[PDB]
Every structure is written in C-alpha cells, then in structure tokens.
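Student: The structure is given below, and queries will be raised subsequently.
Bear in mind these aren't lab numbers, they're just calculated from the coordinates by the rules spelled out. Neighbour counts run over all protein chains shown; Cβ positions are idealised from the backbone, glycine included.
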Amino acid sequence: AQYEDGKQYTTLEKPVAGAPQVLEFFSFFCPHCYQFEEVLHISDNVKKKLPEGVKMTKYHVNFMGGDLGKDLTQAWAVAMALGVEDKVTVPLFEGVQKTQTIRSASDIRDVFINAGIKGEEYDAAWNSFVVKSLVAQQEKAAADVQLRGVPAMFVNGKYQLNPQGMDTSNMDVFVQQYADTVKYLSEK
C-alpha cells in the first residue's frame with residue numbers, strides 16, 4: 001500500500017477507548033519538540049488538514065527534566081485552564097532550551113507574567129483543583145498509551161505517528177507527509 005502499518009505509523013497492540021481524536025505529547029525539554037513547534041509548526045499544519053469537527057489535544061509529559069519537568073506539566077495545565085497556550089509555548093521552549101533562563105517554578109511563572117497573565121490569576125490557577133485534575137488528565141493519557149518518548153502523536157487512541165519512516169531531506173515535505181498521515185489515519 002502507500003500507507004503501511006509499521007512505516008508512517010504503528011498500531012497500538014492494545015487500543016485506548018474514549019481517547020481524544022488527535023492526541024499529541026511533548027516536553028519543553030524535548031529537542032525534537034522544539035523543532036516540531038518552532039521550526040515545523042506540526043500541530044498547526046495537522047489542524048489545517050484535519051476534517052471538520054475534529055478536536056486537537058496537546059499534553060505535557062513528566063519523564064523529562066525531573067522536578068522542573070513536573071513543574072512544567074502543572075504550568076501547561078495552568079496554560080490550558082486559562083486558554084493561553086499560544087502566548088507561553090514559545091517563551092517556555094526558548095526559556096528552557098535556547099536561553100536557559102528557566103530553572104525553577106518561579107522562572108516559569110515569570111514567562112506567564114511577561115506574557116501578560118496577572119500574578120494573582122496565575123497563582124490562583126496554579127493552586128486550583130481544576131488544574132490538579134488537568135494534571136491528572138495529562139498523566140492518565142500518557143499512562144494509557146505506554147508513553148516513553150516525545151514528540152508523539154496518537155490518532156483515535158489506536159494509531160501512533162512514526163516520523164522516523166518519512167523523509168527529512170525537505171522540511172516542508174516532511175510536515176505535509178506527516179499531516180497527510182494524520183488525515184489518512186483520521187478517516188480510517
């Protein structure tokens with residue numbers, strides 16, 4: 001075929017019922033994730049090709065960066081609750097991997113303050129039970145699919161993108177092939 005299990009994607013040996021339609025995992029410590037976000041704009045190009053009515057979900061993971069890694073998952077929970085994903089994603093990546101000015105929860109907080117979220121609003125979210133359960137959700141979804149690596153994308157809790165099996169000679173071609181694969185998997 002043109003799309004083959006084990007080539008552009010793999011199939012989960014045990015599928016996850018009730019999973020989000022398009023599910024993406026990342027870490028702000030993850031170098032390919034930085035590329036995926038900053039250089040390739042994967043999430044965005046996948047969305048542009050997804051059919052009408054498909055929701056896109058993106059979660060942070062704990063297994064990179066130890067203590068700060070967990071801080072970052074709670075902060076991403078705060079970002080999701082407040083709806084400010086688009087204003088903090090880039091400074092968080094650059095703060096962790098480019099400038100290396102993020103070393104503590106307080107430095108993570110600074111990124112949100114500088115992005116214009118009010119201190120009081122951030123600290124209130126940070127400590128809220130709604131954020132606690134959003135953390136729980138992020139962990140549960142990663143736990144459900146055996147997750148040991150990022151970046152990772154899952155479609156309908158049954159298919160996992162396999163970017164290793166696509167060509168990287170051209171960055172634009174890589175992205176399109178990636179997005180088309182998600183669309184194909186979506187329609188399956």
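Student: Being among the aliphatic types (A, V, I, L, M) and either in a loop (DSSP other than H, G, I, E, B) or closer than 16 Å to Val39 by Cβ (or both) is the filter here, so list the residues in segment 160-187 that pass it.
Tutor: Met166, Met171, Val173, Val175, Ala179
Student: Kindly indicate which of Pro20, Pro15 is farther than 24 Å from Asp167 by Cα and either of a type in the set (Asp, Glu) or out of contact with any helix residue (DSSP H, G or I) (no Cβ under 9 Å at 6 or more places or on another chain) (or both).
Tutor: On inspection, the qualifying residue turns out to be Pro15.
Student: Does segment 50-69 include one or more residues that are in a helix (DSSP H, G or I) and either touching an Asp or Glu at 6+ places or on another chain (Cβ under 6 Å) or charged (D, E, K, R) (or both)?
Tutor: Yes, the conditions are met somewhere in segment 50-69.
Student: So if I check each of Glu38, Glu52, which one is farther than 22 Å from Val130 by Cα, of a type outside the set (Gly, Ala, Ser), surrounded by fewer than 17 Cβ atoms within 10 Å (Cβ to Cβ) and over 17 Å from the mean Cα position of the chain (by Cα)?
Tutor: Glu52
Student: Look through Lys70, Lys7 and report the one residue that is touching a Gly at 6+ places or on another chain (Cβ under 9 Å) and of a type in the set (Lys, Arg).
Tutor: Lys7
Student: Here are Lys14, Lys118, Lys98, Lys70: which of them is within 28 Å of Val173 (Cα to Cα) and charged (D, E, K, R)?
Tutor: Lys98
Student: Examine segment 5-28 for a residue that is surrounded by fewer than 15 Cβ atoms within 10 Å (Cβ to Cβ), in a helix (DSSP H, G or I) and not basic (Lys, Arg), and state whether such a residue exists.
Tutor: For segment 5-28, residues surrounded by fewer than 15 Cβ atoms within 10 Å (Cβ to Cβ), in a helix (DSSP H, G or I) and not basic (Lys, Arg): absent.
Student: Moving to a separate point now. Any chance you could count how many residues in segment 164-188 are within 16 Å of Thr11 (Cβ to Cβ) and free of Cβ contacts under 8 Å to residues at least 24 places away in the same chain?
Tutor: The qualifying residues number 1.
Student: Going through segment 139-154 one residue at a time, which ones are touching a residue at least 60 places away in the same chain (Cβ under 8 Å) and either part of a helix (DSSP H, G or I) or under 13 Å from the mean Cα position of the chain (by Cα) (or both)?
Tutor: If the condition is that a residue be touching a residue at least 60 places away in the same chain (Cβ under 8 Å) and either part of a helix (DSSP H, G or I) or under 13 Å from the mean Cα position of the chain (by Cα) (or both), then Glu139, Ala141, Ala142, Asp144, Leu147, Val150, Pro151, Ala152, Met153, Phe154 are the ones that fit.
Student: While we're here: Please go through (1) closer than 21 Å to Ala141 by Cβ; (2) basic (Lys, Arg); (3) part of a helix (DSSP H, G or I) for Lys87 and return the number of the only condition it doesn't satisfy.
Tutor: It fails just one condition, (1).
Student: Right, next: Could you tell me which of the residues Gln164, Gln74 is among the polar types (S, T, N, Q), under 19 Å from the mean Cα position of the chain (by Cα) and buried (at least 19 other Cβ atoms within 10 Å of the Cβ)?
Tutor: Result of the check over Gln164, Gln74: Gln74.
Student: Do the conditions hold for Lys132, that is, is it in contact (Cβ under 8 Å) with a residue 60 or more places away in the chain, assigned to a helix (DSSP H, G or I) and not β-branched (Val, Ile, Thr)?
Tutor: Taking the combined requirement at face value, the residue does not satisfy it.
Student: Quick check on this structure: which one of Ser169, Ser133 is surrounded by fewer than 15 Cβ atoms within 10 Å (Cβ to Cβ) and farther than 24 Å from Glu4 by Cβ?
Tutor: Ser133
Student: If you don't mind, another one. Could you tell me which residue of segment 82-130 is nearest to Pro31 (Cα to Cα), considering only residues that are surrounded by fewer than 16 Cβ atoms within 10 Å (Cβ to Cβ) and within 17 Å of the chain's Cα centre (by Cα)?
Tutor: If we take residues in segment 82-130 being surrounded by fewer than 16 Cβ atoms within 10 Å (Cβ to Cβ) and within 17 Å of the chain's Cα centre (by Cα), then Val90 is nearest to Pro31 (Cα to Cα).
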